[PDB]
Ligand SMILES: N[C@@H](CCC(=O)N[C@@H](CSCc1cccc2ccccc12)C(=O)NCC(=O)O)C(=O)O
Ligand SMILES: N[C@@H](CCC(=O)N[C@@H](CSCc1cccc2ccccc12)C(=O)NCC(=O)O)C(=O)O
């Protein structure tokens, strides 16, 4: 088959999807798309995903987006292990519920530090301290609900075994981390779950799945950051503009 | 069975879920939860849904949340018509992709007018003009991507026939409307799809599904609005606080 997977490993959902595929070893044609540069706006990329977003999966002439769908379609088409995306009514619901809450409270809330720290200043824009504080206190606020509301005493957000819910979560939460935010500091229930997930998944994977963002603060300083194209500049300006 | 459905028809997801169930006629014990009042924070409600959010479905001793999950679990358990939540790979993905994008760009963006106009002032807080403008220009921006990116020339966001994607969408979009925003004004592609969905669903349903929010601006003025409990106050304070 060789369905192409256009992503940028600096993008948390992009990561999550890339860990699933490989970990469940799926033939994929990893087509890098430089977000920071603005490749995801190149007229040529827009002929594949009108929205100009990452990651987008091109299977056949069927171009799908949103990691949630991508992963699930992946899991389905590629009959991956059941524990991943269960078939049990109660089961699946628990993932669909998290992925529903994840996109509300986690998504867009745990990637702000990069804009405050790297992307923002990349285009001369400085984010307001208040928004910075407000966002961080907004983070743990999520981390708690994620800590005791979903995780609880069980081993996983979505239940008993690893699930896309955990792949999404842990990836999203890896950004503030790689930036210098140790969110698992005062959270053993959290530090453990993550490490539990990591354990299962494997070092070599996680050790390369991240990398890009782990070094990100460096290239930043060493100004190894590409200058965003006007199209990217816009979206960078919009994003920073919806920081509450 | 008689699984209970705790909701408030002033809450868009609450509506969407309530339209599916009845329209596909499912035994439901509609347990009203006054959001504006703060019943969704009553210690008693919290013993049902720790998060204190609406809607939450109590089937058996299995308490599920997030309309997405609820609806899907509903559809499944209640083997509802296929067109709803397809079984076709390509098919389902298209819903899973929209509901993925819906939660990003539509959810949280199309309910701000109510806070700017009713709920905000309810507790003496006034939202800044900028946030107001910013949000509206942020709406159509969504309306366009929804208009031509998902809808396109086809009859539905998620494909050819009505689907939870359309139930969710149109409901979310009904709030700005009921408040005085005619989002289908300069949008025939949009005005039509909505009316097409409406057609299918039925007046009597939609004529009662909404109502609550349609009258909402009046009770507002005639001060028929209950005074929020301290717990509600907080949440309204937080919400208004994440208005970009
Ligand atoms: N719900 C879908 C949304 C994907 C998404 O928002 N993708 C973001 C990128 S992740 C975030 C991200 C990481 C690293 C560098 C970046 C530089 C510029 C902008 C975002 C960056 C996107 O496409 N953004 C482009 C856009 O929205 O225009 C999903 O989960 O996949
Ligand atoms: N992804 C899930 C989230 C549901 C949700 O956010 N529900 C909101 C209510 S909708 C929005 C809404 C409409 C009318 C009056 C309201 C008064 C106070 C707060 C919100 C109001 C909620 O539970 N909010 C409570 C909370 O988050 O604490 C879904 O789609 O169902």
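Each position is counted from 1, following the chain as shown.
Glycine is no exception: its Cβ is also placed from the backbone N, Cα and C atoms.
Features as listed in Swiss-Prot:
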- B:2-82: domain 'GST N-terminal' (DOMAIN)
- B:40, B:41, B:53, B:54, B:66, B:67, B:104, B:105, B:106, B:107: glutathione binding site (BINDING)
- B:88-224: domain 'GST C-terminal' (DOMAIN)
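Within the group of binding-site residues (B:40, B:53), the Cβ with the highest number of other Cβ atoms inside 10 Å belongs to B:40.
According to its DSSP assignment, residue B:104 (glutathione binding site) is helical. Annotation note: residue B:40 (glutathione binding site) sits in a helical segment as assigned by DSSP. Under 6 Å, Cβ to nearest atom of ligand 1: this is the test, and of the binding-site residues B:40, B:53, B:66, B:104, B:106 it is passed by B:104. Considering only the binding-site residues B:66, B:104, the Cβ with the fewest other Cβ atoms within 10 Å is that of B:104. Candidate binding-site residues: B:53, B:66, B:104, B:106. Those with a Cβ under 6 Å from ligand 2, in sequence order, are B:53, B:66. Under DSSP, residue B:53 (glutathione binding site) is assigned to coil, being neither helix nor strand in the three-state scheme. The number of other Cβ atoms within 10 Å of the Cβ belonging to residue B:106 (glutathione binding site), over all protein chains shown, comes to 23. Checking the binding-site residues B:40, B:66, B:104 against chain A with a Cβ-Cβ cut-off of under 8 Å leaves B:66, B:104. Across the residues the record lists as binding glutathione (B:40, B:41, B:53, B:54, B:66, B:67, B:104, B:105, B:106, B:107), the two Cα atoms farthest apart are 27 Å from each other. Helix, strand and coil residue tallies for the domain 'GST C-terminal' (B:88-224), in that order: 98 helix, 2 strand, 37 coil [DSSP].
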